[PDB]
């Protein structure tokens, strides 16, 4: 995302953050980042260091989490649409390689401590070596379709497509922890949305217009600010962080002017910088067309869900049947059936 954007907004633009009870969101539509949910489920949903699976050796944690979390959201009257990632931008390749180094300095580290006998360490590095594959995304898509829950394939970054679904009024906000969703123009971002029987953090909304108001900036200047803070698509200036970049943009209003108004002896510019291409990518991303698909929450298919979850993935039939009943009853309570005119 963006380096320490949430803290900056908290300290400088406190009015941009608003908190509301889960019970106030009945009847609202949200766009969820699915890949992040899958990472969460694959990391957390495990027992004894091993992930939930069937006899064929196939992971099922992502299905556990997707199923139950989705049902809970529906029970609270929240209608979600999962947005899946697409082709990553080439500007991100750099970052996409550095996150690979974090894996390189992990798999090799899972060989000396896996032979030493330290359980908890092995569990840690194993958790750090989790990667979401296409089989995960496809089994999740299948499950959602069997549940009647709509999903959309983004052409590139799912965060930008979410931002476009909000910009177009198709949903109210994007449920993601990806803060650069605000740089793609998402008028509202929602954090901490799980709706659990033992809830923890409060649901918080970041409103873009309030951010721009408190900072006294427009979308272009804000994108430049986020480029200076630390994006995933280009480099940041060495030695310039939040406090300095805020004043620099509040005073000079652009990166071009900043470069044309600084002493290179103190703050040098990165070699072969791509700040204009990142500015462009953020202001005008590759995004699906929201007017194409109209979102529908349809009746779940109970029989196929039993054959898939219980027959193939070996979930308990009682829990699944009761869950489907809960889902159909909540959808009954929150959605109006089709009216032909």
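Numbering follows the first chain given and starts at 1.
For the segment pair 142-150 and 261-269, the entry gives 261-269 the higher mean B-factor, averaged over Cα atoms. 306-314 and 24-32 differ in mean CA B-factor, and the higher of the two is recorded for 306-314. In the PDB entry, the Cα temperature factor peaks, among 207, 192, 127, 170, at 127. Among 49, 300, 285, 65, the highest C-alpha B-factor in the deposited entry belongs to 49. Ranked against the other modelled residues of its chain, the C-alpha B-factor of residue 230 as given in the entry falls in the middle third. When the modelled residues of the chain are ordered by C-alpha B-factor, residue 161 sits in the lowest third.
When all modelled residues of the chain are sorted by CA temperature factor, residue 253 is found within the middle third. Ranked by C-alpha B-factor against the other modelled residues of its chain, residue 219 falls in the middle third. For residue 175, the recorded CA temperature factor ranks within the lowest third of the chain's modelled residues.
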